[PDB]
Each structure stands twice: as structure tokens, then as C-alpha cells.
Amino acid sequence: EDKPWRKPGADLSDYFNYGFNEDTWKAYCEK
Amino acid sequence: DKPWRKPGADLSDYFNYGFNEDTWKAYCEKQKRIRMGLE
Amino acid sequence: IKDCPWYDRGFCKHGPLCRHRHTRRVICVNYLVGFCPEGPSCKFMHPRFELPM
Ligand SMILES: [Zn+2]
Ligand SMILES: [Zn+2]
């Protein structure tokens, strides 16, 4: 995909540090 | 003890990524600040 | 032998006396900021903060 972390089995923490996820990263950036 | 201070000590034996005792402590506080607000 | 998980997190109090290897690595600026789209295949390290036991 455009977004390999969404793929089944992918570990979010290979992409997102600090326990971020797609939703909380977006919110943190868009504050 | 802080055996990495002692003269002749190689800091890189103790710290990875180019950290030192000061930048390591800052990074530990950054972990804490960012993580507290996440699910 | 394994890479020292304390050194991989960034600090190993045992330094040169560690039984594990202290593999020097270069941190990924994007992972340090919070997000890197390269994941496993990133050319730079994504250091975890969880403490080993
Ligand atoms: Zn070690
Ligand atoms: Zn990266």
C-alpha cells in the first residue's frame, strides 16, 4: 500500500515511535 | 557509580547513537513527555 | 552472542565489560521525531525504549 504499517501482521512500532498510532500522530502534528 | 566519566573512558562503549550523559537524560525526559499523552 | 538490548536502547552501564556486543548504530531522525514510513527496511535504527530485564 501507500501505508505498509496498516497491512495485517505489520508492527506499528517499526513506523511509529513513543506508542504513536496513525490517529494520535495525525492529532499531534495537526495541533 | 559512573565509570564512563573516569579519565580514558570511551563514552561510545556506554552510549549508542552519539548520545552523552546529558543528551541521554534529555532523551529520557522526551520519552516521558510524549508517551504520557498517548493511548 | 547477541547485540546488547541495553546498548540498542542507547545506554549500557557495563560499557566494555558487557558480555553482549555493543553494535554502534545511527538513529533515524524521522523515528526520533515520531514517525518513519520506511519501517524495518529503514537504513537507520528505530530504537525502542522498553527496558530489557
Ligand atoms: Zn551491554
Ligand atoms: Zn527510519
# chains A, B, ... in the order shown; residues from 1 in each chain; ligands from 1
call {"tool": "closest_atom_pairs", "arguments": {"of": "chain B", "to": "ligand 1", "cutoff": "12 Å", "atoms": "only C-alpha atoms and all ligand atoms", "output": "tab-separated table"}}
result
residue	atom	partner	partner_atom_place_in_ligand_line	distance
B:12	CA	ligand 1	1 (Zn)	11.3
B:13	CA	ligand 1	1 (Zn)	8.4
B:14	CA	ligand 1	1 (Zn)	7.6
B:15	CA	ligand 1	1 (Zn)	9.6
B:16	CA	ligand 1	1 (Zn)	10.3
call {"tool": "interface_residues", "arguments": {"of": "chain C", "to": "chain B", "cutoff": "10 Å", "atoms": "only C-alpha atoms", "output": "PyMOL selection string"}}
result
chain C and resi 6-18+21-28+32+34+45+47+49
call {"tool": "residues_near_ligand", "arguments": {"ligand": "ligand 2", "cutoff": "9 Å", "atoms": "only C-alpha atoms and all ligand atoms", "output": "VMD selection string"}}
result
(chain A and resid 14 to 15) or (chain C and resid 27 to 32 35 to 46)
call {"tool": "interface_residues", "arguments": {"of": "chain A", "to": "chain B", "cutoff": "7 Å", "atoms": "only C-alpha atoms", "output": "PyMOL selection string"}}
result
chain A and resi 18-20+24
call {"tool": "select_by_dssp", "arguments": {"residues": "chain A", "states": "helix (DSSP H, G or I)", "output": "MDAnalysis selection string"}}
result
chainID A and resid 12:14 22:30
call {"tool": "write_last_selection", "arguments": {"atoms": "N, CA and C atoms", "output": "short mmCIF file (atom, residue, chain, number, x, y, z; two decimals), in the first residue's frame"}}
result
data_model
loop_
_atom_site.label_atom_id
_atom_site.label_comp_id
_atom_site.auth_asym_id
_atom_site.auth_seq_id
_atom_site.Cartn_x
_atom_site.Cartn_y
_atom_site.Cartn_z
N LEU A 12 3.23 -1.76 14.36
CA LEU A 12 3.12 -0.28 14.30
C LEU A 12 4.43 0.37 14.76
N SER A 13 5.12 -0.21 15.74
CA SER A 13 6.31 0.42 16.36
C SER A 13 7.52 0.36 15.42
N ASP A 14 7.46 -0.36 14.28
CA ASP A 14 8.52 -0.20 13.26
C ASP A 14 8.43 1.17 12.59
N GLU A 22 -1.55 5.86 13.88
CA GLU A 22 -1.98 6.76 12.79
C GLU A 22 -2.85 7.87 13.39
N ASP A 23 -3.83 7.52 14.21
CA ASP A 23 -4.76 8.55 14.73
C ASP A 23 -4.02 9.56 15.61
N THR A 24 -3.24 9.12 16.59
CA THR A 24 -2.65 10.05 17.58
C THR A 24 -1.48 10.84 16.95
N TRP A 25 -0.81 10.28 15.96
CA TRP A 25 0.27 11.01 15.23
C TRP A 25 -0.38 12.20 14.50
N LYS A 26 -1.46 11.93 13.75
CA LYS A 26 -2.18 12.96 12.99
C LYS A 26 -2.54 14.10 13.93
N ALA A 27 -3.14 13.75 15.07
CA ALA A 27 -3.64 14.75 16.05
C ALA A 27 -2.44 15.55 16.55
N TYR A 28 -1.33 14.88 16.92
CA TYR A 28 -0.11 15.54 17.45
C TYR A 28 0.48 16.55 16.46
N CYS A 29 0.51 16.20 15.18
CA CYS A 29 1.03 17.03 14.06
C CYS A 29 0.11 18.21 13.79
N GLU A 30 -1.21 18.00 13.89
CA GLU A 30 -2.26 18.94 13.42
C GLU A 30 -2.77 19.81 14.58
#
call {"tool": "atom_distance", "arguments": {"atom1": "CA of residue 33 (chain C)", "atom2": "CA of residue 17 (chain A)"}}
result
7.9 Å
call {"tool": "atom_distance", "arguments": {"atom1": "CA of residue 21 (chain A)", "atom2": "CA of residue 23 (chain B)"}}
result
25.8 Å
call {"tool": "decode", "arguments": {"residues": "chain A", "atoms": "C-alpha atoms", "output": "mmCIF file, in the first residue's frame"}}
result
data_model
loop_
_atom_site.group_PDB
_atom_site.id
_atom_site.type_symbol
_atom_site.label_atom_id
_atom_site.label_comp_id
_atom_site.auth_asym_id
_atom_site.auth_seq_id
_atom_site.Cartn_x
_atom_site.Cartn_y
_atom_site.Cartn_z
ATOM 1 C CA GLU A 1 0.000 0.000 0.000
ATOM 2 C CA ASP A 2 0.878 3.708 0.304
ATOM 3 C CA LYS A 3 0.754 2.676 4.026
ATOM 4 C CA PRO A 4 2.646 -0.572 4.819
ATOM 5 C CA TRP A 5 2.044 -0.296 8.640
ATOM 6 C CA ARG A 6 -1.764 -0.849 8.123
ATOM 7 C CA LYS A 7 -1.141 -4.255 6.353
ATOM 8 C CA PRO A 8 -2.132 -7.316 8.508
ATOM 9 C CA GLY A 9 0.737 -8.505 10.769
ATOM 10 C CA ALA A 10 2.801 -5.243 10.496
ATOM 11 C CA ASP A 11 4.226 -3.956 13.848
ATOM 12 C CA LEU A 12 3.116 -0.281 14.302
ATOM 13 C CA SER A 13 6.314 0.424 16.356
ATOM 14 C CA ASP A 14 8.515 -0.200 13.262
ATOM 15 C CA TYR A 15 6.981 3.102 11.929
ATOM 16 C CA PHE A 16 5.650 4.977 14.976
ATOM 17 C CA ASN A 17 7.844 5.905 17.967
ATOM 18 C CA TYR A 18 6.611 6.683 21.550
ATOM 19 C CA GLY A 19 3.497 4.417 21.173
ATOM 20 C CA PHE A 20 2.010 6.753 18.481
ATOM 21 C CA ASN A 21 -0.533 5.300 16.025
ATOM 22 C CA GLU A 22 -1.977 6.757 12.795
ATOM 23 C CA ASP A 23 -4.760 8.547 14.729
ATOM 24 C CA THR A 24 -2.651 10.054 17.582
ATOM 25 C CA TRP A 25 0.268 11.010 15.232
ATOM 26 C CA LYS A 26 -2.182 12.962 12.988
ATOM 27 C CA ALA A 27 -3.638 14.748 16.048
ATOM 28 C CA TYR A 28 -0.113 15.536 17.453
ATOM 29 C CA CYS A 29 1.031 17.026 14.062
ATOM 30 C CA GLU A 30 -2.256 18.943 13.424
ATOM 31 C CA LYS A 31 -2.296 20.592 16.914
#
